[PDB]
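Structure first, then comments.
Residue numbers (mature numbering (1 follows the signal peptide of the UniProt record, and there is no 0)): 3 to 246, 260 to 616, 653 to 678, 713 to 1160, 1169 to 1437.
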């Protein structure tokens, strides 16, 4: 009786092909054997064949049918042998699926400080590691506040991968940002928080996890710097053990190596019983002498058992009856440590008997074993292998040690053949690509076999589910019963699994089967063979290195070169050729996959675990089983398309560090596949490391200490040689060795000192010059070693030498507007008699139009510290208004578009921290409960008009309108929660009509229609007070809300109201609440409201423009300094007005000829073209400040400004704010290096109003001083302080409402650099929205 075999793969994946195989016995030869599959949509023939006179094995590849009715479905594979009126038919239910393509997100770091650009890559792969070029529809980047802040649409992948960039804000939120891919199918999370660790790290080396067989131990508490340097200090070490707390404390001092050894004995703690905790903690507190700071180290040690657990990792699920089965057992203790000469007990349970036997192990922990199944006689048996007779002990009060017995159950190799085929496994991990040689012996039983035929072995090499290789070996069966062996040749790729299989079966044409499979263990390899090599991988920081990258031809690769501690932070979250695996292989265990068809619930028991869809006609019918250091910037993050040669050599420059760089790469190719490289290291080694401690802030005429500490790194004695370049910008006194070389040996430090005084101003560079020289004298009994590289170092560090006194700026903006004629203007700028010498500068700015001064200074505008929600919008909202001007006039080029939108997500990220859990936007954020409704209207207006430029989430605008629904009165008007606004035009108590006007005008400007219900409801509120209003700011804003809509009959009424209170200041008219050009604050924004109400007529009127250019002629001369309109809200309202005027009165501006003239016969020419209208034209005036002459000719309306800055010994005010300070503590006889002196500041508002709007007290620091560490917390603990900010030389403290009462704020400062002859330092308090109401005093130090 001849027999046949049909084999198909189990899972039928869509984008690739599979393989079908047919095995036919000698005999038949007239019977057509065919395989075909039937689906619900189509049917194709897989294979037709006819029998031969020999044993044949035919295998062909086939493409799967497309899936229908979803992704997962079940087809029917159908085998027919037809002939001699005999039909062998079957029907087997087989599963066909569209598999899930694997994908991952690779970020640049798992941890970023704020202010760094995040880079990431998105990679999609199939199950065979070929890249997928399916287009990503929409990808997003979200904050820790679950709010999307970036979004890319319709992004295409380049060879399956795509890279993206996102610049974070300098003030960014803290938490895990999330990159979401394809509506949230893929998440990549990276943490962003600000970590700076200047404290020296205290570590251990020899303390590790301990066992119970330890009676004594040595603890090496070693305290070292972040770059790595020992110091001398006293260490107290508490080694404690908790209770379900036996502790011992010791004290010592570290040596010159910095590692202190202490004997810790286990007998002082709980070691036998488990009534106490199983974890022992070491707390080391280090106090350095002369510092007083305490460094804390916590190290936990868990008590580990001596032995681990046994699992039958390499054990077959069957047994050969009446014939021996051999194998090996790997024995190891705890955490995969091999135990030499360990003892293993194995017991069999069955009907024959529960026999026990014992085995000894070798030094490698691999013990061979043989088992004889002569007496079992086809019965179900159980295997139990353990270490000893001891088992698990259960106790609710004590945590037991982990133990797991090696238990298995075996069921009866179901056949009619008693021949034997050998089992030959080869070691642990295997290699890929090399032809592996394996030998497997066999045996032939003469009773069930005939010597006339020839023997044949058919083997299937199966990996990643489907069968990969096949083959046949025909040998002579005339030798009959012997222990012969046959050879095999094996090629392994990534198509083979990490745990693939090889099955051999021999089948006789007279009758009988014998089968055996071997499970392998291959290292997770790839079709793409990549190599990330370095030259020379020991390079000095500063010189370029050669990176060689090898892959398959036609590949796209991606580098990630970063610090080693970035890899040491997270053991996971990197590509380590296990992360790219894992999601794919889960086909183990169960033979069907959502298929209810079974055979007897053996060949079925063989092909249950790793096998295929296999059917035959042999004996198969039997019931069987059916179941910690810093994180610097990253070195490389680049993309590289490599050529057909497969090599890519790139010269890349190392960063200036002392650390060791690690690089990781992956390569993607459509022809071959994916390839991942291990992390290959490059050490950046420098011989000597210097550290220049230098004060940022210093006043001229002071002195400070220049410091040039050199820390050795080589393990010998070197001769350093420090130098300072002599310059005329500073004078010096040599406290150092004065160009004398020293003997610095290994792990030894030296400190130099210089006394530096300053005679100039500005940024002054200090240049160090250190060099190991060729010594003529031996140091420490040995010759001074000269390294061949890194022999020199030239570090340059700057100082900011600010002048004494306070900076007073003076501006005189002009609006020469030539209507075909010559327009002239004189500028009068004068200096006081008490100016600080050589501190005066003057500069004239010429531009071709308006809305280009804001365009140059889109960042900034105000000179004020933007740390609140009402003031952040000078870096967000005039960008929207100037680009509305450039979009409605068609002058928006692409480069200013890209710069402005980059500033826009910077302002978006900075604004989004003032959002709440609700939709409202307060000023300071997360401390005010419910936010301000007016600022919510302002941010809703500038989010509605910015979503056509950048990506704004519509969810936060929708929550803003939900908060508008929450603040809608039944009278039709708009209310507010809390008392925190701008100047409020009189100090207004009601403010309801102006608030409702601004909310509804913001809704109309953002894009809502008149027939909108909130807009119509606010307008129905304002018909009540449409005419009867008195405040000029409220009248101009009310003329804006009635001029945005089409209520012209009362817009003309309000215009006639505004013509009564319009101050006719010559040819320029304007409006003011309380009636050289020094600007005021609220009159600028209310005449901006008047100008905005003028220019919102849809019908152009020539009489309207004649009044409008007079209002512009007043409004554009109030430009304070570089940005304009001194405060923040004044600036955004007046730039909105001037942008609306510039849209509604747009000019061609072909050419303007302008002459700047002065009294020193200094004249210069500016020429304005059409394209040259948006350049910030600048000239520093060399004249002594007096009068200047400005004339313009041509067609257009240009803007000219002149800014004068000088320094003044600051006079007091004593009429708006009363300000005083005094200095306590300060020692003056025991100064040391932390000269901690306190400052107590008494503030009050003695002005005319009931309360100031919002105040900034600006402690400009003394030279070389810092505000200690805890002053931020103890200033937030004091009342009426919302935010304290120390940028680089000033402490700005933000006050909510400063009043008639006197508030005392105290804070202590400590210097970092020693300073001598301290100049006085200023303290200034101003109203934020009225900066001219300021009070400036000065303080000093009573010692020097």
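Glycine is no exception: its CB is placed at the ideal position from the N, C-alpha and C atoms.
Buried or exposed by the 16-neighbour rule on C-beta atoms within 10 Å, applied to residue i
{"i": "residue 813", "result": "exposed"}
{"i": "residue 199", "result": "exposed"}
{"i": "residue 110", "result": "buried"}
{"i": "residue 213", "result": "exposed"}
{"i": "residue 1090", "result": "buried"}
{"i": "residue 1280", "result": "exposed"}
{"i": "residue 1169", "result": "exposed"}
{"i": "residue 664", "result": "buried"}
{"i": "residue 1330", "result": "buried"}
{"i": "residue 1441", "result": "For residue 1441 there is no data in the structure shown, the boundaries of the chain being 3 and 1437."}
{"i": "residue 123", "result": "buried"}
DSSP state of residue i mapped onto helix, strand, coil
{"i": "residue 331", "result": "coil"}
{"i": "residue 1210", "result": "coil"}
{"i": "residue 561", "result": "strand"}
{"i": "residue 1180", "result": "helix"}
{"i": "residue 1149", "result": "strand"}
{"i": "residue 246", "result": "coil"}
{"i": "residue 91", "result": "strand"}
{"i": "residue 477", "result": "strand"}
{"i": "residue 383", "result": "strand"}
{"i": "residue 1366", "result": "helix"}
{"i": "residue 1232", "result": "helix"}
{"i": "residue 1057", "result": "coil"}
{"i": "residue 1086", "result": "helix"}
{"i": "residue 938", "result": "helix"}
{"i": "residue 920", "result": "strand"}
Anticipated Cβ contact below 8 Å, residue i with residue j, distance rounded
{"i": "residue 750", "j": "residue 574", "result": "6 Å"}
{"i": "residue 1382", "j": "residue 1361", "result": "Not a contact, Cβ separation roughly 15 Å."}
{"i": "residue 9", "j": "residue 40", "result": "Not really, about 18 Å apart at Cβ, beyond 8 Å."}
{"i": "residue 273", "j": "residue 224", "result": "6 Å"}
{"i": "residue 985", "j": "residue 960", "result": "That pair is no contact at about 11 Å."}
Close Cβ partners of residue i (< 6 Å) along its chain, the five nearest in sequence each way excluded
{"i": "residue 44", "result": "67"}
{"i": "residue 850", "result": "881 and 883"}
{"i": "residue 1054", "result": "1060"}
{"i": "residue 1020", "result": "954, 955 and 1006"}
{"i": "residue 301", "result": "204, 225, 235, 237 and 310"}
Test item: CB-CB of residue i and residue j under 8 Å
{"i": "residue 309", "j": "residue 444", "result": "no"}
{"i": "residue 1211", "j": "residue 898", "result": "yes"}
{"i": "residue 234", "j": "residue 269", "result": "yes"}
{"i": "residue 1301", "j": "residue 891", "result": "yes"}
{"i": "residue 131", "j": "residue 758", "result": "yes"}
{"i": "residue 760", "j": "residue 543", "result": "yes"}
{"i": "residue 977", "j": "residue 1035", "result": "no"}
{"i": "residue 743", "j": "residue 774", "result": "yes"}
{"i": "residue 521", "j": "residue 472", "result": "yes"}
{"i": "residue 178", "j": "residue 167", "result": "no"}
{"i": "residue 231", "j": "residue 834", "result": "yes"}
{"i": "residue 789", "j": "residue 1407", "result": "yes"}
Cβ-based neighbour list, residue i, same chain, cut-off 7 Å, excluding 5 preceding and 5 following
{"i": "residue 1342", "result": "1072"}
{"i": "residue 1287", "result": "903, 1244, 1245 and 1246"}
Residue i Cβ short of 7 Å to the ligand ADP heavy atom set
{"i": "residue 1262", "result": "Because no ligand of any kind appears in the structure shown, any question about the ligand ADP cannot be addressed here."}
Any C-beta of chain D under 8 Å from that of residue i
{"i": "residue 159", "result": "This model lacks chain D altogether; it includes just one protein chain."}
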